[PDB]
Amino acid sequence: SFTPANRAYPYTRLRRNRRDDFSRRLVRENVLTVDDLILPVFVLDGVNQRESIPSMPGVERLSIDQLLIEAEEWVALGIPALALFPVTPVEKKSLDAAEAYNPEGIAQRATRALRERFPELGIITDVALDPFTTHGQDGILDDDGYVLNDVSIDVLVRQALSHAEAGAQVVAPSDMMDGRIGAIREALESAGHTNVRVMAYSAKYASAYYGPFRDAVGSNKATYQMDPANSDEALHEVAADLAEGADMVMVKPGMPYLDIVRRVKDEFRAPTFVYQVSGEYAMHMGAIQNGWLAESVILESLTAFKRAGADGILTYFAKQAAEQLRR
Amino acid sequence: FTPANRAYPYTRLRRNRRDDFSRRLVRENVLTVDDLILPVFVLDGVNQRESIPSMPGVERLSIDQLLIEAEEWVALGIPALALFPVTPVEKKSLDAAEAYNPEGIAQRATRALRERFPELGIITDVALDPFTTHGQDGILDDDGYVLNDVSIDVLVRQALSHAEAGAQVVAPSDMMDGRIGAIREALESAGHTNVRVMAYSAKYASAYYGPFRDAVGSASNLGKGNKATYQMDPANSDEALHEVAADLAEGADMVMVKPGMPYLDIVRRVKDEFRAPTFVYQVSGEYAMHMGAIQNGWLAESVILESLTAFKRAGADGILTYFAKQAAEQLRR
Amino acid sequence: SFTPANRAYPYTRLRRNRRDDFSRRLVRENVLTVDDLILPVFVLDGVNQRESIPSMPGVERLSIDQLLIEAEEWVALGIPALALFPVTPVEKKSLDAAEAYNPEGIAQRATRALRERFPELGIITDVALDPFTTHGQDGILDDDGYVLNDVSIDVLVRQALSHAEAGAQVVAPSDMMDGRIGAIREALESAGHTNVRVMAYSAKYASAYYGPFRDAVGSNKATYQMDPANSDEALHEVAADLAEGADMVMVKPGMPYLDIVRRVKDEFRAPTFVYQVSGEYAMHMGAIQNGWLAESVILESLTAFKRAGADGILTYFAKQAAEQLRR
Amino acid sequence: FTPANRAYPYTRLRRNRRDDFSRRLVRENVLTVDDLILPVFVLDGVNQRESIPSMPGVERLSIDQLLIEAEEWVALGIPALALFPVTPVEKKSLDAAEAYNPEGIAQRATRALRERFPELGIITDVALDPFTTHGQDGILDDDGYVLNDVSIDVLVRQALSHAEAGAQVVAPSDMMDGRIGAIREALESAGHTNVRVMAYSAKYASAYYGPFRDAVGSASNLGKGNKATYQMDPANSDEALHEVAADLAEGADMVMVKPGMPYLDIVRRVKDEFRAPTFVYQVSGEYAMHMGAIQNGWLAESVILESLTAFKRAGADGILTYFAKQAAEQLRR
Amino acid sequence: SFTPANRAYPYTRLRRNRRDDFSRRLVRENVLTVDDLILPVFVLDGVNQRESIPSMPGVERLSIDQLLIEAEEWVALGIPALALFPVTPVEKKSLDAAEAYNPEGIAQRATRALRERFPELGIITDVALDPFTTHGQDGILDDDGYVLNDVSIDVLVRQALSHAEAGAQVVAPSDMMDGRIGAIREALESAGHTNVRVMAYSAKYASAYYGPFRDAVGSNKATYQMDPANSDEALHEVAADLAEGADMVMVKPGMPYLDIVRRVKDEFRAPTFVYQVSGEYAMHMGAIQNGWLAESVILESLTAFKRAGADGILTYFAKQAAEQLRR
Amino acid sequence: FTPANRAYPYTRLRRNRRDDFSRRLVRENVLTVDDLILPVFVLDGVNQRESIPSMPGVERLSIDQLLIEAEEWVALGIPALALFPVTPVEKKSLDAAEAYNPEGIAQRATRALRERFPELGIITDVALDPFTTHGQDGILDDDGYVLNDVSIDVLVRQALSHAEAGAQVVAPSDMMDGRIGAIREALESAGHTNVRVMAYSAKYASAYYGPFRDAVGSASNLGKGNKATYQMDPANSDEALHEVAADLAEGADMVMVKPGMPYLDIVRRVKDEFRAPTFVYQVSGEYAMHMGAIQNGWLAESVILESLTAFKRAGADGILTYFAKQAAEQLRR
Ligand SMILES: [Mg+2]
Ligand SMILES: [Mg+2]
Ligand SMILES: [Mg+2]
Ligand SMILES: [Mg+2]
Ligand SMILES: [Mg+2]
Ligand SMILES: [Mg+2]
């Protein structure tokens, strides 16, 4: 609700509160903290290795030993959680995506290593088949190349269970199959994984902003990911995921969809997350490196998510932002 | 909103996504050329064209060159331009008098375009930052503070000079309190009954303006200066509603949120609460970010229409965008 | 929500935005596009045949070969979908409406032909028994002449399945039996027709505006179709149809019910369709032909549906409108 | 709204539909004669009756004939008439002075009806289009634009002349900004304390007015002219709320949406947001469309009461309709 | 929603519309019609008999033959429905309330007689045990004198079925047992009484206004009927009854609860009824007979129900009101 | 509202009803003596007590008798009285001058009660109907119409005379447009800063006032007359919101709905929309109806507290009720 309350110039001058830092601080509506940050990480198969990514300047693919080294500092900075994205070797991709539930798959190995070394650090695993398929699509294809909904869910369920067994505190289904949150929740409950959180990618759009990620991980989408034009539809997606048992719901991409974040928080009043995707990172970082924009745009972009209603932000800027906030 | 007890598998939201025809039927928003406003940087002199390193693909244009390029903008159906003069260094002063010079770049450009393309909307910029030695949007007191009401007096003279030049829309971008009402009162008294006022209502103290300050040549003047005593704190959303309410009460015909994509939640709230003509500026930093990534091959050119569609979905009636020509071309196909 | 925001003349003059075409275009709230149009078509049994309809000037009943010819152009104009209405031969009408689920019935034959020749064109079939009954009522009658609800649903389910088997992407139950959307959805799901859309005629009124259609197809209603007086009741109809699995919901007739379209979109935020019925078409076309109204009323009438909240419009003017929009 | 977990088969919405008695009990809206206003076209002279080809069944009537026909309108219980003079060609001018002639058709007709039928509501039309050579609703400037405030001055004189003639309601149909407040101020100053103002608040730039322009004889004058600079864009709904809010603030006793059936969503929003006396005009084109189809045998005469019921359901308190006599007759039975 | 829209005297004078009858008629927000009236009738066991009721001046208990005579006129006046209340002979009252489901009970006999003679007249039977118990309470008592909820429902279900078998179009459970609407609906559906309406007495208050009725029929309540103090509680009652299948919901008593009628209509937008109870009738009629109030208060009281949001009114003034409306 | 998926048998609403203690815990509203205002009919002269046949148990009282009875009203904790003078026939006139007589019954009674019981609230009636020969609430023009603004002038003089007499609250019951603002302006100008105005905001043209008109002696004067040109149409609910909004804008400290029980929906809407101090009059006809039935043995005396509880539940902050003494007695026990 809102009421202008008959405020009128010059009795009301909105610049008065802007006059001094102390009053700007007092009326400041939102603040970003390190409690808000989730760091996505690209994880390699090998040992004592890192790789640079052409379209994601400054971001590295890390072997697990290197991931453990970097995590010490992420923990010291107070970053609450990581989101793991394995970089699957080619030999291990298949039509059936079986590597998704391999107990010795990269995601599973990385999860065990991190849970043991940093017990308080949140590990959010990715429940998705596209890192494991030869076609790079987010599911099992029928003979006509369509991603089969329910058949794909069966594999996602096995994958989610394997992550829970590896000790992940949160599994995050990013697949956009209908009904997958309920299927995964039912499976977790029956297997006794009472407290494993499900972070649903609820309103995930078919987007050009995912380009750099596809490079990072080494990977039509319009038949499952959402049309960028659609806002009301996002409410139905979130409503279903909450009914199906999600503990958190997410909007993807991020800044191009801040209106969706706002509507979702306003309507459901549930823990709401947003992904500042690879293309958003790359655009900002490229402009900063070129000297076109100041470093301050990073915190401005992240503050936007808070103002828009996000409880947490998956962002490749997490470390940089945490360092800035710590000072 | 009411979920209406929709549940999988009776409800599968992928069904409408299955085919292009059903995606088209349920598509909630569509960008058209009706939605686009093209900002243009205008140089003094004749036969001048200058590239802007921090805005790849954008040029500053002398009036003769502007008139030539506008032929294609008009052919593409772009409804309006927003003019930004590149003020010569020597014409900057403490008093910002060049703002209301009937022979200033903005005024000259307006008269030329109104004559040549009578149906094309011309939106002039009401602001003092192109004209001040310090790069601030108003007149400074002895403590270095941007004076509110004294600045309004100059903005009023500027707006009147634009109306006299034939501008159909004046757009105060200054963020002084109460300037919309002062400008409206002045336009009414002077008989400029139908000159629209496009208020920059919720304009934030942003870092995304860097490339624009280069383009217009205010960057050198501003130096490390900031605008936190007048432009809004990025953290604040409720405050934007109070800004818009005042500007509507004061007579604005349109209200604007600036920057754009980093403030889509503000666009949404403003449209939802006021149900008034709502505009959004996809600013220079947004343009530069996208361009840089496209030219690097990091993002497909399809991101341009995705970014612009977002504004429509968020509630904008129109978008000031440096991509206007490209977008119009892509929409025409 | 709304807030006048203390706007007052002469500070606020609403004519300023109206002063010039460019500003009218900038503030224009709604636009009709070809994405919004669905063309209903009356389909004959024979070959190389068309028939004119006295009460629907300009509209033709088409044999399937003629339908295929005209569809080439409808596709070229970008019309996304057709709604098929078979003109059932007399010999084939019965009390049990068995022709409804005949795999060689007109609707089924037309569907197969169109799906093969124009794979991207949406085909919306009509799930209804009134084209197939000897009494022309929308269901199976009991001994007292009442349309039996559940018994009629059993036939509608068989019909819907036959349309799915013929390849229809959308089935549209126009019958106004209670609970039929759920029964049809359950049947489609169990038979593996996962992606067949159901476009529910949710709030379909007992109306005098259907007269010309009844002539077109060669066909008391108050015991199932809605009382024109009732608005709140339409919300209950739509709520049930959404709970029962409808992918789209429709209001019928159209322009005499624009307030219903508005309420339905506002309350449910779901894909909402509206039928500009035969009587609406006939009124407009008659007035245009008589020289009483300009052709421009067509686009004005269709723009109304968009403004009122419709996502799509079933309209006999679809081709004319698409041609106007293309220029 | 709350669905309250209603589900088939426990909820079968056909149960209330099963019998006439239960349909009658749950029926949400009912049209009565309290709801009907009859527009009438008034000729100069004596013993004149003229048929209008594009409005079958409607006649232009001289005042003597009007008085005779009004006997039955009153007997049927129709609460009010809306008068539309058919101005002689020679009395049209640039200055629209005939609008405020105390001996103009509207004024004469008002005095005659107020004397003969003291309880019958008379709603006069405040607009300049019957009186201008160009057929526009106001006075034109040298650029062909309908001047806002100069036109208001004439409309004020017209409204005062109607009040002097005894009209209980004046209905400004002109769509000039601010005219409701100007007319109200003038009525108050002159002591016309109780003269109602029925604002045409959300009146659209429609194609459904064709037959009316024939009936009143403004068609020849307007030619191919349009009213897009004052009448509303059919695409716009939010804008209608701003129009109504201003007219209520300015003192309107009733507010109207025009045309009718193509704008039922606007009627609904206006009633919902303002909870004020809300009227709707079922315009000449709506009447003609229906009549044409009825006379062709394409639609049953029951469509008349269906069309009018729609207005009640949508939120209208009253309906200006050329079907008023027919409807009143059908309701009396 | 509401918005004052800055209306201010003297620009706004609300008396202008009040100045003349014609403008009062145009802006009049609500009208009572005969479509709104339901007439309760007290039915005797005998033949060729009527009885006067001391506390309900002008109201008569009628034998069935007399009821048929009076109904001819009620039908001629256009009253859509009657609500039957049998006056049970003493010999037939019992602890088990078995007379409630006797196929030859007064209510059942009256229903058959009326359905045969006036097929279009709505008959609403009373589903309640208090006309049949020796203690006059609304159910089966346990050993401590408490009205047992579920046990009482079992009897109410048998009663409702007996009314459906007698041909009643509407059964109206007036008992205020929890969950009885659902139990009755389930029973009607299973027995094939698809179209029998259930008019739930949803928010029925423990009231002093029922005194005269108790005399009419010849009959603690706070453990089932609602506390007069409670408004929010009425919303929960109605929500349950709608979920349980009620076709109409009712508020009882009437005029002392118009705020409840308003809230119920506003929140549920469902067919909403109100009972102007015996004490309301008696108060008004007594004052009229004493010459303290004019007859016009009858229509004023009934107009109140319409304005408050009622779709129909059970009122002992139905005939008088219908006569006034007819003139 | 949100049903929260409550379903039988997990939800049984009889559980809270099972025992007195849980009924008491969940009870949503409670009537107290804080809620009661007692209207009293005041006679001229000394030692006068008169019974009113159409209001059993109510007496008209001379000021000396009023002072005696008020001792018990005060002891019972009744916060305020509403005074209604029974004007002698000879003091009625066209000009209603007795309304502002400093020696009128209302004024005399106010001074006496303010002196004797300094803490007792005195609410005077601002209205001309006790003082006019015709029984209408204002001054009549030559057509028999109750003039709005001319009547306000007299009401203002009356209200000032009440403030001078010491009334803490003046209650304009007249239903003239704009009278609240006129009275407030006058009170402010005269220094009556803290005199409350209890507006009769939504007062209906009701038939439930009959016994009151007997009690005050206006019945003979009014005869068959009506008040439909100023009191509200019983059919209208939205209109009541506009009445209240104006009275709040005009400065009312409290707003009232009248009659009471037949208008509980209006009380509810008014409280819900304005969240202001909201009062309701349980009028003479409501009192008479209840009394008649109680004395006949048709209703138990418990109906009195049931009727009054309804007002609290519906949203009233206070109730003007002829049952105030009985209710206070029953609440004290
Ligand atoms: Mg989903
Ligand atoms: Mg501002
Ligand atoms: Mg249905
Ligand atoms: Mg206007
Ligand atoms: Mg209950
Ligand atoms: Mg008032």
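Basis for what follows: all heavy atoms, side chains included, without hydrogens, waters or symmetry-related copies. Sequence lines set the chain letters: A, B, ... in the order given, protein chains first and strands last, and positions in each chain run from 1.
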query: Picking from B:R6, B:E273, B:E301, B:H242, which has the most non-hydrogen pairs under 4.5 angstrom with chain A?
result: B:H242
- prompt: Is it true that A:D259 and B:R269 have a side-chain N and a carboxylate O under 4.0 angstrom from each other?
  reply: no
- prompt: Is a side-chain donor or acceptor of A:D138 paired with a backbone partner of A:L129 at a separation under 3.5 angstrom?
  reply: no
- prompt: Would you say A:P253 and A:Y210 make side-chain contact, with heavy atoms under 4.5 Å?
  reply: yes
field: B:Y208 side chain to A:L293 backbone, donor-acceptor under 3.5 Å
entry: no
message: Can you classify the ring geometry of B:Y281 versus B:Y322 as parallel (below 30°), tilted (30 to 60°) or perpendicular (above 60°)?
response: tilted
task: Could you tell me whether A:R180 and A:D154 make a salt bridge, using a distance below 4.0 angstrom between a side-chain N and a carboxylate O?
output: no
field: Among A:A282, A:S296, A:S231, A:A240, residue most engaged with chain B (heavy-atom pairs, under 4.5 Å)
entry: A:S231
field: Side chain / backbone / both / neither for A:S207 at chain B, heavy atoms under 4.5 Å
entry: both
- request: With a 4.5 angstrom heavy-atom cut-off, could you sort out which part of B:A293 is near chain A: side chain, backbone, both or neither?
  value: side chain
query: For A:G145 and A:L141, which heavy atoms make the closest approach, and how far apart are they?
result: O-CD2, 3.6 Å
task: State whether B:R27 and A:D227 are salt-bridged, where the test is any N-O pair (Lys NZ or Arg NE/NH1/NH2 against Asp/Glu carboxylate O) under 4.0 Å.
output: yes
Chain A contact via B:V303 - side chain, backbone, both or neither, heavy atoms under 4.5 Å: both
message: Quick check on B:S22 against chain A: is it the side chain, the backbone, both or neither that has a heavy atom closer than 4.5 Å?
response: neither
message: Taking every non-hydrogen pair under 4.5 Å, which of A:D215, A:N30, A:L258 racks up the most with chain B?
response: A:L258
Interface moiety of B:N148 toward chain A, non-hydrogen atoms closer than 4.5 Å: both
- line: Bottom line for B:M55: the part with an atom under 4.5 Å from chain A's heavy atoms is neither
query: Of all heavy-atom pairs between A:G182 and A:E244, which one has the smallest distance, and what is that distance?
result: N-OE1, 2.9 Å
message: Please report whether the ring centroid of B:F279 lies less than 6.0 Å from that of B:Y200.
response: no
message: Just so I understand: if I count every heavy-atom pair under 4.5 Å between each of A:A222, A:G254, A:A243 and chain B, which residue has the most?
response: A:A222
message: Under a 3.5 Å distance rule, please check whether B:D247 uses its side chain to pair with a backbone N or O of B:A199 as donor and acceptor.
response: no
message: Within this structure, what is the CG-CE distance for the pair B:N16 and A:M226, rounded to the nearest 0.5 Å?
response: 11.5 Å
- request: Considering only heavy atoms and a distance below 4.5 Å, find which of A:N290, A:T303, A:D232 pairs most often with chain B.
  value: A:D232
field: Selection from A:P228, A:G211, A:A304, A:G286 maximising heavy-atom pairs under 4.5 Å formed with chain B
entry: A:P228
task: Give, as side chain, backbone, both or neither, the part of B:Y263 having an atom under 4.5 angstrom from any heavy atom of chain A.
output: both
query: Looking at B:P56, B:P3, B:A7, which has the largest count of heavy-atom pairs under 4.5 Å with chain A?
result: B:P56
Atom group of A:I260 that falls short of 4.5 Å from chain B, counting heavy atoms: side chain
query: By a 4.5 Å heavy-atom criterion (distance strictly below it), what part of A:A239 contacts chain B: side chain, backbone, both, or neither?
result: side chain
message: How close do A:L325 and A:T33 get, counting heavy atoms only, and between which atoms?
response: CD1-C, 3.7 Å
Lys/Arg N to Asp/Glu carboxylate O, B:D317 vs B:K271, below 4.0 Å: yes
- prompt: Which bit of A:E233 is near chain B, if near means a heavy-atom gap under 4.5 Å: side chain, backbone, both or neither?
  reply: both
field: chain A contacts, top residue of B:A205, B:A4, B:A228, B:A300 (heavy-atom pairs, under 4.5 Å)
entry: B:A228
task: Measure distances from B:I294 to the heavy atoms of chain A and classify the residue's part below 4.5 Å as side chain, backbone, both or neither.
output: neither
message: As an exercise: rank A:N220, A:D150, A:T12, A:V31 by heavy-atom pairs under 4.5 Å with chain B and give me the winner.
response: A:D150
task: Go through the atoms of B:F274 and report whether side chain, backbone, both or neither lie under 4.5 Å from a heavy atom of chain A.
output: side chain
- request: Name the member of B:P9, B:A235, B:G297 that forms the most heavy-atom pairs with chain A at distances under 4.5 Å.
  value: B:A235
message: Between B:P262, B:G178, B:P211, who has the most heavy-atom pairs with chain A when the cutoff is under 4.5 Å?
response: B:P262
- line: Comparing B:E243, B:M291, B:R268, B:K312 against chain A, the one with the most heavy-atom pairs below 4.5 Å turns out to be B:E243
